[PDB]
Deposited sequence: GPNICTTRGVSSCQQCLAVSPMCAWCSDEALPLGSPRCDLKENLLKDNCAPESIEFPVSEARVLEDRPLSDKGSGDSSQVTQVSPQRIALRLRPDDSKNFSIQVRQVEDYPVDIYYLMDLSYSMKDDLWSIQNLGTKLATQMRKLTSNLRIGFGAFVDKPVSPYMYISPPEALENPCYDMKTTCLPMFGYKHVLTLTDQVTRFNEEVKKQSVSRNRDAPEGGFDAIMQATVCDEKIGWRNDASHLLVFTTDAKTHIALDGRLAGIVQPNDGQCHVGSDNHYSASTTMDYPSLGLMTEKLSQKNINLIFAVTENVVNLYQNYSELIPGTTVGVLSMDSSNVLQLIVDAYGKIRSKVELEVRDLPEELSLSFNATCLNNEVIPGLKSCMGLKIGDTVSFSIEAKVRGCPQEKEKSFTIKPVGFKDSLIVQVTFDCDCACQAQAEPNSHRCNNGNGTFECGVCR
């Protein structure tokens, strides 16, 4: 029978709005005394209340900033700023779109075999290095690239130890010069300074040792486990590109240098950027390399010359997830591996809210790649660069706050972009503005006359 608007005091227009969103107030003075002023709008119109005198706020959402989503500043959320106007206890919905525009973060660390066999391959590894740097920068602006070099454990019989001149110049007996032998040397931390990386890579030259198999597995292990030195980012794809033209030393080989201590899988680089345990600790086993690679989320790529591809392919099957490409004068083969790896990268859009007032509460409907509205959801998964998702958010205010103008932010996790929602609370009627301070009609110590009523 009776409704909530009429049957709840309603001494004023304000109290009328406070009762419920469906309530409307009649200001028409020509309305009869019997009729209620606080009622449903339909009941008022039906009881001859003047259409202009009917007070009935309607909650609204207004886009303020609606810069379009980018293609190829960078805008990944649209719209960027909305104005919500709510009446007591009411709600209002609005739409938000999120696009993955920005390129994905990728770390490439590059291990250069600088043993003497690589004299004829030096150009090839310099080319591959600079091509990795340059071309991957075109694929992703969030590349960080760095490199290190290795020869072998600088100890007899791997190292030439006579005559004394041979230590500073391993090429002494050939009447030429090369660099002193070293185990593993970290040269350049993962950086986005591509031009510099290329310069340093072009400055590298070979050293020399005695035996064909080299100590690159020491370098792989240290490049994997030395977090701060190499500079792998937490939320980034990690690629470790390993170059060589020869077979490689493996765990238990070290006994030929009198080295029997098993590899501990710990970092031993530090200040001078050399692997300090090179001459005291054995080469790592495949099982231990596997464990650390997996544990540090690093993908190993063997970029090796054709004469040893089959060897490294075979090691690759024993270190799952590892891939092999061919080091040559042409960089295409190895580059395809990285591009393919980049092609497998997926991302998510997970909305989080910041500074949501006590009074307000939100609910979300996610519309993801499958184009199906999953209600109550605020995250989509499996996005690639270019994909867009959409959410519908509904904000509901509890009663009417005294604060009257608040704001919060809806932000996808890991995105700079955001939506600022400016909330205004509309609890007053328009006729209050016209108050008429002087009572006139009350005249019993009441004061003022608004919307056709006394106190």
Practice task
Return the ranges of the deposited sequence not covered by C-alpha coordinates, sorted by sequence position.
Solution key: 73-78
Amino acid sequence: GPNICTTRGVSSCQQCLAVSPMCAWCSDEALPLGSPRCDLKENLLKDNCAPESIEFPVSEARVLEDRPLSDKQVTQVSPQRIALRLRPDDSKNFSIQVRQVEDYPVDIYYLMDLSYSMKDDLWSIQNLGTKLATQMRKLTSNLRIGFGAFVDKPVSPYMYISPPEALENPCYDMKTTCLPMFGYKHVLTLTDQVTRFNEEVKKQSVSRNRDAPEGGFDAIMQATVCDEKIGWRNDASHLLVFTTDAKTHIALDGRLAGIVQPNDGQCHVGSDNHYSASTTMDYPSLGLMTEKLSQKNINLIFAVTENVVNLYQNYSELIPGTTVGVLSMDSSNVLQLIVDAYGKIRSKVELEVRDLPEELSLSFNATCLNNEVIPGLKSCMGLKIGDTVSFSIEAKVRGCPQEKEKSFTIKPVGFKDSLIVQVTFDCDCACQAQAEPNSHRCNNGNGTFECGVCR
From here on, numbers count along this sequence of modelled residues.
Exercise for the section: Could you check the entry and say whether 211-219 or 347-355 has the higher mean CA B-factor? Expected result: 347-355
Handout entry: Residue range whose averaged C-alpha B-factor is higher in the record, 228-236 or 361-369
Key = 361-369
Practice task
Consider only the C-alpha atoms of the modelled residues in this chain, order them by B-factor as the entry records it, and name the third containing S205: lowest, middle or highest.
Solution key: lowest
Handout entry: Ranked against its chain, the third holding the CA B-factor of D71
Key = highest
Completion exercise
Of the three thirds of Cα B-factor ranks in this chain, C178 occupies the middle
Completion exercise
Tertile call for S379 (CA temperature factor, within chain, third-based) is the highest
